[PDB]
Colleague: 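Once you've had a glance at the structure underneath, I'll fire off some questions.
Both counts, for ligands and for their atoms, begin at 1 and track the order of listing. Just so we're on the same page: letters track the sequence lines, and every chain starts at 1.
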Amino acid sequence: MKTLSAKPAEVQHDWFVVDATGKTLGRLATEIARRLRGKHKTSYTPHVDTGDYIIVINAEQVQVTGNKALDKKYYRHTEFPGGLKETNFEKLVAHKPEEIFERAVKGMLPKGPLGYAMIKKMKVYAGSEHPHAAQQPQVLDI
Amino acid sequence: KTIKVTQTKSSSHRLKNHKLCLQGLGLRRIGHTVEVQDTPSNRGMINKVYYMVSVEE
Amino acid sequence: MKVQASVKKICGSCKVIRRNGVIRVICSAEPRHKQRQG
Amino acid sequence: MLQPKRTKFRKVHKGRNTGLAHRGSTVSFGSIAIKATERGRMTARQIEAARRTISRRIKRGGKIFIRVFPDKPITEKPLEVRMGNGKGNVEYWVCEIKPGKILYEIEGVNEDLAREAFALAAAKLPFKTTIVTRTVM
Amino acid sequence: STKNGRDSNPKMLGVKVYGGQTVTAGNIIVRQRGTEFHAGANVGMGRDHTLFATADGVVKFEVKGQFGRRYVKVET
Amino acid sequence: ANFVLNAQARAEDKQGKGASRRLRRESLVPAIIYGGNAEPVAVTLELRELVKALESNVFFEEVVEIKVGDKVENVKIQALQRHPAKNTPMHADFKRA
RNA sequence: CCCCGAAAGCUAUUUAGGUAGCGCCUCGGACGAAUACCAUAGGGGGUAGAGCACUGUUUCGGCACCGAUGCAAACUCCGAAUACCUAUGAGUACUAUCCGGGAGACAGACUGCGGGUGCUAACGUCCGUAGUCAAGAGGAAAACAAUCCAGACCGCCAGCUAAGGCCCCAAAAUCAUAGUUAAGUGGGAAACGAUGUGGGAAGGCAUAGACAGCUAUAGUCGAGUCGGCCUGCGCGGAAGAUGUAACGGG
Ligand SMILES: [Zn+2]
């Protein structure tokens, strides 16, 4: 057993803060998902959560290119007959900016209990303030 | 006088005469290399299976 | 307004324009010449 | 309704339409002509419709040469019949068209009127066409 | 119903021995419905126009004569 | 003097179906010059030049100068092959005169 | 437990989902180079293509013939590539052949190529030919017998590659250089329609002044302008039933 697995009790979760002003949504989401999963650490282990905490500020300033602001559709289904509901990026970013990042990063994280645990380390906030000054996050430019 | 022939692709699904040409050159598996005389008779077999052999002169 | 797959000028007072990715024909003389491709 | 007066056999094999039209691709009767640029089948009804359109446009002021003749019979099964029990009955006649095949030539009219007539005729045909004129070689 | 549907059994005609081959007297060289080939030196003709060897040797095909006939012969 | 065609020599490695198709993809036209007292010569021409020359009727009756390298041949156009569908010139035969 | 390993064809059958002989498998014996691949050399052909000299068929002229012009599975004045037969030869290979013991099988499927049939329909049907499955695992294609790469004796927490890939789900380039697209085209479709945008060739008019507008060809105005051809990538044509549902998702 010369290749060792990371032990959850020895994992260190560091805190970082990221500004979303002017960033492209998907090209920011890939890096966020990578650091949430822990692919950037030499102790990476597929069955262990070794990632970091990511705070996102100015979430409503994220950008999309082309005509995606008006054309990119978000669907959901209540399980009643004919219960398909539809919105778009323009309305969703103005109303509930956290849902956009939640969808984007959820789609890029693994789909299981470990993925559900992984996505809890992302905190998304519309304004420029966050309530986690007690954790002393470092500025991360990605 | 002599040339080196290396087999580069599988022969399992090739034509019967193509497999027989490989066998008559003496090649047995992918990556196998043989050293054969430079004669028109050998060159005929080489040219027939040109698409899965590599020749070093 | 005629909505058709083939839109053409009919007289000299007709103009072919593109609005929002749709080809249209507008006539200054005869309103019945108005066409939309679709 | 062009159709052979007599045929040696009633029914023929389907065959395959391949190759270009090296023969019949030069202007030899009139001065201007219409030729196909895509292969296909030309039926007798299509030939007649195109001829009528051209003749009506040119008002019979010149001569029209038709260089396509439908000599290949096409069969069809009656309807609500199962597979087998022999080949079907002859229904209509076609001419095989290869790219380069000249269909109609016009002699003795102005080029503009001829092009108008050919443009009217092309809308009745199931394949793409082009206009050619007589050259020295 | 159809009025067709008949055919005859195959007859297996054709050239049996080609040029350059060695034959023994009596070997059949050509099976043919008509005289597509004619008999040359050391070659005999049967009642159904079969061409056969009448000596031991080597078969040779050629074209000769004023009519341009195709001949087969056996060289000893 | 009125009609001059600039040509390059067509060597044996530039003859055949594949070489001719490569030349026509390169927008050149193979051609052959034959006639009395000499051996045939294979040349390649420019499609633009050939089409420009063929647009005029006096090209089919005058004596034209084909220049390949330094040598010059005084020839008359003898035959021309065209694509059956696209009418593009494909090959030319010139007779020494 | 170890070794080899098919067939779903031909012929006949009150035969058609049975059976028999042959073809294909296995075991024993005999006999070795008689075998195959490839290279040279000899040989016949009537297909692909082509053509109108025969047989038919077709159009336009001239006076049944004559001149221009097409077509053909059951037409041929012509005519390949392949394939097939034979002889000699190098190299490589446990190859051919003969005599006996035991069989199984005689419902095939898909794909490419050449065809008949059908509607140039069908995951349709009937032949020829090759591959795979059948009786074959692994990797690619979202999932997917028959497609692509490749033929699993057993073990390894070693390395190189094939098809296919390298932003995240998910291993590997947010690699480099030069262009194109603005349609999420990419990531479904036709005839046809259109000053969408690249590239190329040629032509017409023009600082003795061109196009448009303006003033009743003259006149201010001060550079390019006009119309077609070839070609790259795009646009419309484009309506369905449980739920986005025609990039696997983000
Ligand atoms: Zn109008």
Colleague: Which value, rounded to the nearest 0.5 Å, describes the distance between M52(B) atom CE and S10(B) atom OG?
Modeller: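 Taking CE in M52(B) and OG in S10(B), the distance rounds to 8.5 Å.
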Colleague: Is atom NZ of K11(D) surrounded by more than 12 heavy atoms (other residues, nucleotides or ligands) closer than 6.0 Å?
Modeller: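 Above 12, so yes.
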Colleague: What donor-acceptor contacts under 3.5 angstrom involve side-chain atoms of residues 56-67 of chain D, with partners at least two apart or in another chain?
Modeller:
unit_1	atom_1	unit_2	atom_2	d
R56(D)	NH2	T53(D)	OG1	3.4
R57(D)	NH1	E116(D)	OE1	2.9
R67(D)	NH1	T26(D)	O	2.7
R67(D)	NH1	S28(D)	OG	3.2
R67(D)	NH1	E105(D)	OE2	3.1

Colleague: With respect to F89(A), which candidate in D71(A), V62(A), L70(A) satisfies the side chain to side chain contact (heavy atoms under 4.5 Å, CB included) definition?
Modeller: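 The single option meeting the side chain to side chain contact (heavy atoms under 4.5 Å, CB included) with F89(A) is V62(A).
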Colleague: What pairs with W15(A) under ring-ring contact (aromatic ring centres under 6.0 Å, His included), at least two apart in sequence or on another chain?
Modeller: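 For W15(A), the residues satisfying ring-ring contact (aromatic ring centres under 6.0 Å, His included) (neighbours in sequence not counted) are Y53(A), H132(A).
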Colleague: Counting no waters, how many protein N/O/S atoms sit under 2.8 Å from the Zn ion (ligand 1)?
Modeller: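 Protein heteroatoms (N, O, S) closer than 2.8 Å to the Zn ion (ligand 1) number 4.
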Colleague: Considering residues at least two apart in sequence or located in another chain, which fulfil the ring-ring contact (aromatic ring centres under 6.0 Å, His included) criterion with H91(F)?
Modeller: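 None.
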